[PDB]
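Reading through the structure tokens given below for one structure.
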Amino acid sequence: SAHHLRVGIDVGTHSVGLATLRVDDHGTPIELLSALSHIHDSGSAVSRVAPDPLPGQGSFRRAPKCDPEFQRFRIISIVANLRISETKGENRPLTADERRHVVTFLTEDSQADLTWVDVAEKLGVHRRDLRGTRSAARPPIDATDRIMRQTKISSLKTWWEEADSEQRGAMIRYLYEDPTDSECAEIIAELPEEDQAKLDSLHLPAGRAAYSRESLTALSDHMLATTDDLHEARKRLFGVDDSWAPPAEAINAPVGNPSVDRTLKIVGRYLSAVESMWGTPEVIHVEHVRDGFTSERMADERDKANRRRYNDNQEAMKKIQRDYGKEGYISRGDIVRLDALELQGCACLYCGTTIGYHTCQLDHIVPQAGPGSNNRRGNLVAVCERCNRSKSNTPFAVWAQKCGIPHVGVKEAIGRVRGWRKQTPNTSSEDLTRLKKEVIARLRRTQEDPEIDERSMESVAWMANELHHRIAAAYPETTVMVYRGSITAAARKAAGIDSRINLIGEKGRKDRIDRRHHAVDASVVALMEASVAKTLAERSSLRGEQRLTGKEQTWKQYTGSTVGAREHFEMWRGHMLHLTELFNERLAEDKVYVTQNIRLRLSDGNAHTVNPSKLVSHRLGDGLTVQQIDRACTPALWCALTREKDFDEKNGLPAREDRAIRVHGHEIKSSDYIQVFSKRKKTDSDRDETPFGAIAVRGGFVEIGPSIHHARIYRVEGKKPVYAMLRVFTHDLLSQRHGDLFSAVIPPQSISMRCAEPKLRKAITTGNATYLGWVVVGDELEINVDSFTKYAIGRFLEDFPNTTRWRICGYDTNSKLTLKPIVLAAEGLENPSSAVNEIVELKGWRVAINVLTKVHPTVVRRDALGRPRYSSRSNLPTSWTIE
Ligand SMILES: [Mg+2]
Ligand SMILES: [Mg+2]
Ligand SMILES: [Mn+2]
Ligand SMILES: [Mn+2]
Ligand SMILES: [Zn+2]
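Counting with the entry's author numbering, you get residues 8 to 49, 253 to 343, 352 to 1101 for the letters of the sequence shown.
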């Protein structure tokens, strides 16, 4: 019996923090059931898409959500839920005409950021007269269209700007799944090569719709012509009944985006495990990543762009410092006022009078109901003292209607805004155009911005909505929130717990070095309440205001405007404190896990082509050395050479002129030439060159270096017991793909054996090697590192002692494993050593298998919750100690 389970999921670009919390009836955290960081491991085809499940439509393929027709359908169906109250008792739906005007309005600009107050103003009603508003907290947009207009791919964006609906839809369908039309890729091939290269970085809205384009269009057209919502429209158009409902995609249904997809697998599996183990969660909270899990490369692009941002803003602060002799702290208000003055040409936007840096004041065009204001650049203007004093907390249009001040009006103000020009080198006309559009829009506004609520912190990113949809579908008795990525750091600061967590590192650099911080973030998000989300968002808004004034900030004192709000907030701070207690407790138990999936399937995967290296020819009659023989171009050749009666394990094949072997039927004589793999200049000698992983292909050979599936750990029996390993190449398992990979036979003529340690080869051929168990890259080793005080590793342990948990990152040689610390994140190293940087960041800890096994480390295998797995009935990989 469990009262309340709260699950928290902290989405990252390379990780997913996962936490499960138990709280009492009052919300006090009583037990941290789970806390881990899951690190990511970096026509006869399509359509294989499910058909439309609506009756009569089953011959049509379900449309992807990025299809313009789906975006349109989604907007329309959301608008078809909107209601208008003309009388305090009853609420009527929007008429067809109103619906058309609204949908037109919402699709004018996919890039416009609107609230429902905007829609209420378009409709000609008060905001409070508008109902039926995840339930869309904000108005919908054509996400696909916004993406196409924001892409950095010039030519594509241009083409998309240049019309039209049919062409747009066709192109999206082309880019997403269907190569046809023939119009594309002529349009695509016409595009510059650099852009055509960039094309794979384009991330259309993910998801598969429940219906086909045909049905989407039908339902849309219908809902736009009537007062029916989606339910009714389905009944009337298709005949289905009240109970009819389309299935939703599973959480882990692939969307074609690597990081997103592994995130989805992690989330789905975790939630399954949680519900199975402890029961159905009361709450599932998610902190989305903003921004964003489009890629790691695109994320690094956003990071570089953020560098650019930071530096140019810093340059702005410097400019104010040298231009105005500004002393000390330079507010966002000083910066904005200056920018506005330059833009408005030193004139009040409201009345036109001349202003300067001393005389001008900054105003919010539209006031915001309740605490705080909307602090967007587009809601800020430079104003004279008189206009600002007169306007007060009133919207500009309302104020201007009866201010009776000369040259003050919406028309005059918009006229001024249209006159704005760049005034800066290499500044985008795009951003300026957006800015002018926004300003004019707000100049027309006759209603306040809406008060901040519990949804102000909700993420509006497409993938956030899709994730919400999926989890809520999979857990229909559970409330689901997907917040914006800024909420955990806000929460931690506001509760004052950011320095109380016993994580590795010091409080508190920018980036964190302990990978367990994701588990913290998850725990925190699971604890989030509506009232607290509201309060936090308000505190941020206030902070923005006071930052625009430049004066002393008081927002930290704000913990709610009502009594219940402040009660909730204080209570919550108590809960955060308890959660800190629980987390540190669990950290002491070493039960805040750091996990990573291990790869057990064969590489898909080796189909890619490399430039074939030249094979070297040797006259068979001149004899061969063991090294030359071991690099024979085919295993059958190797067999032929080692089968020879005068073959010597040390001296290879002696020179003979009467030699004759048979390789796959063909006869090879002393005067004939056999081929071997070589990485030496052919003008050199390969008599002593040792064998390396390679396969023969058309025109020579290729190296299968990294392409290793697993390593089998053998104990060569002593005397002096000697541990060794066999790196099994993916190539050597293909024939037995459909079987047990870890028990499949690896013959002596295999390239794997031939590339193994000679001692191990000999041990295996003579039944002197004992199979201990297998490992793969990604596997976790628990190691006693007391005996390692020498070299780079020891110097690393001087700074990070008792670092016992390591991950296999590759096989350095045929006898050396490459390890890196699991709990530590390279992205949080502040001026490290050379040893620390070598172990963590660069080469890693490269350690001989014998040396490593001497301390008897343990291969650790973990389940869906991160817990060590020692036995399994499902024949899943279990943990084992290397003895
Ligand atoms: Mg004002
Ligand atoms: Mg306000
Ligand atoms: Mn986060
Ligand atoms: Mn995180
Ligand atoms: Zn003025």
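Think of the CB as a built atom: it goes at the ideal place given N, C-alpha and C, for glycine as much as any other residue.
Query, Result
"Measuring CB to CB, does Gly-15 end up less than 8 angstroms from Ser-674?", "no"
"Short of 8 angstroms in beta carbon distance, which residues of its chain neighbour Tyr-891, apart from the five on each side in sequence? Order them along the chain.", "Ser-835, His-836, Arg-837, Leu-838"
"Could you pull out every residue in the same chain whose Cβ sits closer than 8 angstroms to the Cβ of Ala-691, ignoring the five residues on either side in sequence?", "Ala-466, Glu-467"
"With DSSP as the reference, label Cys-402 as helix, strand or coil.", "helix"
"For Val-473, which of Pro-853, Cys-276, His-928 has the nearest alpha-carbon?", "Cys-276"
"Output yes or no for whether 8 angstroms exceeds the beta carbon distance between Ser-925 and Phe-947.", "yes"
"Put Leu-855 into one of helix, strand or coil per three-state DSSP.", "helix"
"If we count Cβ pairs, one from each stretch, closer than 8 angstroms, do we get three or more for the region 619 to 630 versus the region 579 to 596?", "no"
"With a threshold of 16 other CB atoms inside 10 Å of the CB of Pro-397, please say whether the residue is buried or exposed.", "exposed"
"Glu-505: beta carbon under 7 angstroms from a heavy atom of ligand 3?", "yes"
"What residue does the beta strand (DSSP E) around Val-501 start on, and which one ends it?", "501 to 505"
"In three-state terms, what does DSSP make of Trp-462?", "coil"
"Please name the residue, chosen from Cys-402, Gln-586, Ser-1051, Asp-530, that lies closest to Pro-643 on a Cα-to-Cα basis.", "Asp-530"
"Leaving aside the five residues before and after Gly-342 along the sequence, list all residues of the same chain whose C-beta is less than 7 angstroms from its C-beta, in chain order.", "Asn-291, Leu-292, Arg-293"
"Thinking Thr-435 and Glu-279 are a contact (beta carbons under 8 angstroms), I'd like their distance in whole angstroms, please.", "6 angstroms"
"Nearest to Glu-493 by CA position, among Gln-954, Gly-991, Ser-41, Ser-1090, is which residue?", "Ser-41"
"So what does DSSP say about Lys-1038, is it helix, strand or coil?", "strand"
"Which whole-angstrom value is the C-beta distance of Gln-586 and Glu-666, which I expect to be below 8 angstroms?", "6 angstroms"
"How many Å lie between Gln-893 and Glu-885 at the Cα?", "14 angstroms"
"Under the rule that 16 or more other beta-carbon atoms within 10 Å means buried, what is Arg-905, buried or exposed?", "exposed"
"Answer yes if the region 753 to 761 comes into contact with the region 589 to 608, meaning at least three C-beta pairs across the two stretches below 8 angstroms, and no otherwise.", "yes"
"Using a Cβ distance threshold of 8 angstroms, determine whether the region 936 to 946 contacts the region 872 to 887, with at least three qualifying pairs required.", "no"
"So, is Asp-446 buried or exposed, given that buried needs 16 or more other C-beta atoms within 10 angstroms?", "buried"
"Any heavy atom of ligand 2 closer than 7 angstroms to the CB of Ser-433?", "no"
"Output the boundary residues of the alpha helix (DSSP H) element that contains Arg-272.", "Careful: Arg-272 lies outside any alpha helix (DSSP H), inside the beta strand (DSSP E) at 272 to 274."
"From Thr-1076 to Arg-1023, what distance separates their C-alpha atoms?", "10 angstroms"
"If I'm right that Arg-367 touches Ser-320 with Cβ under 8 angstroms, what's the distance once you round it to whole angstroms?", "6 angstroms"
"Should the region 557 to 576 be regarded as contacting the region 632 to 641, the criterion being three or more beta carbon pairs within less than 8 angstroms?", "yes"
"So if I measure from each beta-carbon to every heavy atom of ligand 4 and keep distances below 7 angstroms, which residues remain?", "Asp-17, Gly-19, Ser-22, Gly-24, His-735, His-736, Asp-739"
"Going by beta carbon distance, what residues of the same chain come within less than 7 angstroms of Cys-564, once the five residues before and after it are set aside?", "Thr-572, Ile-573, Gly-574"
"Run through the DSSP bridge pairs and tell me what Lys-887 is partnered with.", "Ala-878"
"Going by beta-carbon coordinates alone, are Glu-998 and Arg-979 separated by less than 8 angstroms?", "no"
"Taking 7 angstroms as the cut-off, is the CB of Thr-706 close to at least one heavy atom of ligand 3?", "yes"
"Report the CB separation of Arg-718 from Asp-848 in whole angstroms; it is logged as a contact under 8 angstroms.", "Between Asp-848 and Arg-718 the Cβ distance is about 60 angstroms, and since that is not below 8 angstroms, they are no contact."
"Grab me the residues of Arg-454's own chain with a C-beta within less than 8 angstroms of its C-beta, minus the 5 sequence neighbours each way, in chain order.", "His-440, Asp-446"
"Residue ranges of each alpha helix (DSSP H) run of no fewer than 4 residues wholly in the region 382 to 463, ordered along the chain?", "383 to 394, 401 to 408, 411 to 416, 431 to 443, 448 to 456"
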